[PDB]
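In the block that follows, a single chain appears as structure tokens, in the form deposited in one PDB entry.
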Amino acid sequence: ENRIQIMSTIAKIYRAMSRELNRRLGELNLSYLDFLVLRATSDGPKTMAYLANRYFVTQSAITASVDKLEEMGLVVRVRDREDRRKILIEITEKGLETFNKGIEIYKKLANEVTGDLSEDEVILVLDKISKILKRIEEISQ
């Protein structure tokens, strides 16, 4: 039926978007996951545990992504002054500049793919799928 097709179409869109984002972000030396880590840290320091859970990837994938961003000078591992075992991944000035270039790439792509939809149609879809997200996140965890 339709409810099933909505979710199946959402999956197909994600797969295609993921492929194209990896391609376009590659020019910024980033993978789609690397970009997500930057996006996550852009508004405040994040724990590696949060990153893995939020973006549904292994802890090893996060370690690899953070290690990479760290070598690229885009993020830094900050430790508690009293307990250095407490680690937070913080974005750098350069990381924010790269993140912004990435968000613009994402923005350009989003406008292209939703091109057949008017502003109103975009709004109608957004408010509704936001309800779907609320429910699946309640169910999944």
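For the two forms, the rigid core is made up of the largest set of C-alpha atoms that agree within 1.5 Å on superposition. Just count from 1 along the sequence shown to find any residue number.
The same protein also exists as the form deposited in another entry; that form is not shown, yet it is the one meant from here on.
With the core held fixed, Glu27 shows a CA shift below 2 Å between the shown form and the other one. Relative to the superposed core, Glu93 undergoes a C-alpha shift smaller than 2 Å between the shown form and the other one.
Between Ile129 and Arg54, the C-alpha separation grows by 3 Å or more in the other form, relative to the conformation displayed. In the other form, the Cα atoms of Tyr55 and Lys134 sit 3 Å or more farther from each other than they do here.
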